[PDB]
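Single chain ahead, by itself, as structure tokens, in the form deposited in one PDB entry.
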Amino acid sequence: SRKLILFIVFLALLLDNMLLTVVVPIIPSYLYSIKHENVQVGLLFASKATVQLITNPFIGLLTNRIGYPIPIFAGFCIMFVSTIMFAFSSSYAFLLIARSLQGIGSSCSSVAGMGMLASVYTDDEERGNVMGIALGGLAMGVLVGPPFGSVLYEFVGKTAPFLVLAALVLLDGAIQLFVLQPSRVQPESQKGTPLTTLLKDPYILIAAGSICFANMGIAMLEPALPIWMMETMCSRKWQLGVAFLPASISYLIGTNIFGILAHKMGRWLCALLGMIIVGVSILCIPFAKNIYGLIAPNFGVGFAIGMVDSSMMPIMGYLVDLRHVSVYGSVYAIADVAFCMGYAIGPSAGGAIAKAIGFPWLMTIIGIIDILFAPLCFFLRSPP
């Protein structure tokens, strides 16, 4: 019964994304009051991604030395401490510390869980099938985070969503202790194909670049779209809120269906078509005149990014087996670094560009870049 390991990675990713999305509404409002009674706010937002990017390679190396369960449980402990600090700390410095620890725990959870899922699901088809579910864990977390945080903030109080998240994290830790049992440190058999050799690989680089650009598109789109909506359409707050909902719904459906549909169609073809579709949707976003015009391109963006992720993570695992030794911590650290590359410089660079040139020009540039990179996914196809 290795399904319990899938549940642990699903719960870990889901709770991580719940915390990440509950935090985004609550933190600016709380700060916009203590200061009374641009640089630092962006630093607080990007600290999680920056620290996760920094500590991904170290966790990738550590998983080879001490196995996966100890990093997974450590990621749990760090996440629980970060949740408690979010609950009870009300200073900006402590908020930054909590964000940095959340990033460290996110790195541990993501890298170790993806490596463990790759190692226990050695089959090519089942690897993608379960990684679709694991990736849909993040989509479910993103979907059910903001409403959960909002209702628990409005009805009970500020610390209630964080306390409930901490209780759910404690239950996740109890089941982790029951199934993983990190009683002792165990090493893996062989070495790990040092990162210097993995990054020289053109195919691993192509997969990481496709993931990075597909995620950077949405990472620049998500914070820079509401500003342009207020500039042009003068939409209401709730319209600014439900505009990106189709992207999340479509990402969930696309991930959960293409985790299985990518093997029969071809993972390279799925990534190529995903890049083309996300580029086309990003190009067509600026032409929408109202929310009803933005309903479909956001769906396309989310669907295509789901295809890209669900086809490219199993490509990373397959490439490490095909050309290197079968150790996955380092390669999935590479993939996580590719994700946080978009997640870190996404908002700031996107805003800077949208200030220098118009928002439609930024969207056009992102779309043409994605479409131009799409042919590069052809080289990922198997020789036969």
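The term rigid core refers to the most C-alpha atoms you can superpose between the two forms while keeping them within 1.5 Å. In this text, residue numbers run from 1 along the sequence as written.
What follows is about the form deposited in another entry, which we do not show.
Core-based superposition between the shown form and the other one shows that, of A296, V179, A160, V81, only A296 has its Cα displaced by 2 Å or more. Once both forms are fitted on their rigid core, the CA atom of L269 lies less than 2 Å apart between the shown form and the other one.
Core-superposed comparison between the shown form and the other one: the Cα of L44 travels 2 Å or more.
Core-superposed comparison between the shown form and the other one: CA of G209 displaced by less than 2 Å.
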